[PDB]
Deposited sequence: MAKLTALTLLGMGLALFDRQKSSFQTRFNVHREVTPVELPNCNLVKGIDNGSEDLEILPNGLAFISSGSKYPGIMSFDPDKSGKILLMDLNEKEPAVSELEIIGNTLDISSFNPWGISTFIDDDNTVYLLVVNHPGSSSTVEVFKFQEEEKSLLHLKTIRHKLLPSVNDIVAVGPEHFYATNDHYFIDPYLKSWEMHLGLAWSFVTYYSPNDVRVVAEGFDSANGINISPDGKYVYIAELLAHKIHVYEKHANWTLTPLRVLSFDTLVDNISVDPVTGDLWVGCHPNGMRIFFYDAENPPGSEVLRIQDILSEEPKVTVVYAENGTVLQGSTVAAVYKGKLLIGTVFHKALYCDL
């Protein structure tokens, strides 16, 4: 039927990547079970979620170092069950007092939560503050924090039940939605997505970017002062856009992508998924500039999900494999 060709475009079933090489890339020692999301503070500290599964941890890298090493951040507190910790998307928020909050999408079992931590820098540890859950956060993929416990969140499925959501994805229902959460108000701000994944915000707070993974699109929304979102632009791509990072200096989007959906969603060690990184400049203009900055067939890095730049270097994460650190 027609649902056979649509599945095949959605999952990019025969796409092969055109490699783009970077001359000094090195695998990050210590990252072998995923680096699904990451975020770099202005001071050069990078948080990385790992062990994402569908043992989990949050890693730290000081990118001001010449050969930065990963350390595992210890979770401090008695309000979180560490043994089920299964981190996915992350976000940070830095308050007036310079407190660094880390928000972490957690999937303990088949439920979704958002965990709030306070970064304790001197101790290199995470103080757990709060577990957030809500009817309108059924299947969280990523969030972008706009306060210590305020965020926009993507739900990449409508259903929670793993069997139902498997079906919803194969059918292409496109029922995934985006939710604004705050202590005072929780509501849906956009809906109808074919798997909303990455989400982020312009440095001036005026725009929100949402990755629609299986539609291969990035949506730009106007963010009003009352936290409402209104559609503004839709950019289309030939690749499965996953997590979005934002360079604070330029506002550029840096995007980790899966060139082929079959190889990322139906794993096969003899045919691993590759990696692909997009830079997007001037997203509001008539012709946004889209550059493939890095791409490979997975011989080195399999299943890139996220990429961000700090002072000439590019850090690339993956859903379940390694992480790559490159000169631009």
Regions of the deposited sequence not represented in the model | 1-17, 72-81
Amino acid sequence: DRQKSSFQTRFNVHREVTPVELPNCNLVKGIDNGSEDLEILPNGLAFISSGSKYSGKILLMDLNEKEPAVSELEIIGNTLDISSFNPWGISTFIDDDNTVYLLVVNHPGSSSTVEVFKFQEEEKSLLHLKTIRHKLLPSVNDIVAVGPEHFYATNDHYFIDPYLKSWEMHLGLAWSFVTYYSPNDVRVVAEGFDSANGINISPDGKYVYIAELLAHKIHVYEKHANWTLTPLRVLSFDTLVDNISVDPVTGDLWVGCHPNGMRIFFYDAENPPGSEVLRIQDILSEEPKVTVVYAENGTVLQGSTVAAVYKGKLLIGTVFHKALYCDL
From here on, numbers count along this sequence of modelled residues.
Would you determine, from the values in the PDB entry, which of 154-162 and 131-139 has the greater average C-alpha temperature factor?
-> 154-162
Once average C-alpha B-factors are taken from the entry for 5-13 and 305-313, the winner is 5-13
Per the deposited B-factor column, the C-alpha that peaks among 220, 253, 199, 171 belongs to 171
Which of these, 296, 36, 39, 287, has its C-alpha atom at the highest B-factor, as the entry lists it?
-> 287
Give the position of residue 115 by CA B-factor within its chain, expressed as the lowest, middle or highest third.
-> lowest
Assigned third (lowest, middle, highest) for the C-alpha B factor of residue 195 = middle
Tertile call for residue 95 (CA temperature factor, within chain, third-based) is the highest
Binned into thirds over the chain's modelled residues, the C-alpha B-factor of residue 27 lands in the middle
Pull the Cα B-factor of residue 208 out of the PDB entry and bin it into the chain's lowest, middle or highest third.
-> lowest
